[PDB]
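Trainee: Starting from these lines, generate the structure:
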Amino acid sequence: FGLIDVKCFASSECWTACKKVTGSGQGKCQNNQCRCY
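Mentor: Numbering: from 1, shown residues only. Here you go, the structure:
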């Protein structure tokens with residue numbers, strides 16, 4: 001679904017990230033990248 005490359009500080013950031021772009025705040029960080037569903 002959502003896959004991005006911006007530095008995760010935590011999965012919970014990916015939420016605000018995915019939300020900033022779209023709103024689809026349901027996500028998880030990988031390593032230092034991040035993904036929404």
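
Trainee: give me every residue that touches the residue nearest the centre of the chain.
Mentor: Centroid-nearest residue in the chain: residue 14, 2.3 Å away (criterion: CA atoms, centre = their mean). Residue 14 makes contacts with 4, 8, 27-29, 34-36, as judged by CB atoms under 8 Å, 6 or more residues apart in numbering. C-beta: built from backbone N, CA, C; applies to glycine.

Trainee: Out of those, which is nearest to residue 18?
Mentor: residue 36 (3.5 Å; CB to CB).

Trainee: Name the nearest residue to that closest one, sequence neighbours excluded.
Mentor: Taking CB to CB, 6 or more residues apart in numbering, and ignoring the residues beside it in sequence, residue 36 has residue 2 as its nearest neighbour in space, at 3.0 Å.

Trainee: Looks like residue 8 contacts residue 30 (just checking).
Mentor: Yes. With contacts counted by CB atoms under 8 Å, residue 8 reaches residue 30, the gap being 7.1 Å.

Trainee: neighbour count winner among those two?
Mentor: Counted by other CB atoms under 10 Å, residue 8 and residue 30 do not tie: residue 8 has more neighbours, with 20 against 14.

Trainee: secondary structure class for that one?
Mentor: With DSSP: H, G, I helix; E, B strand; the rest coil as the basis, residue 8 sits in coil.

Trainee: Not counting sequence-adjacent ones, nearest residue to the residue in the chain sticking out farthest from the centre?
Mentor: Computed with CA atoms, centre = their mean, the residue of the chain farthest from its C-alpha average is residue 31, at 11.5 Å. Among residues not flanking residue 31 along the chain, residue 8 sits closest, at 7.1 Å (CB to CB, 6+ apart).
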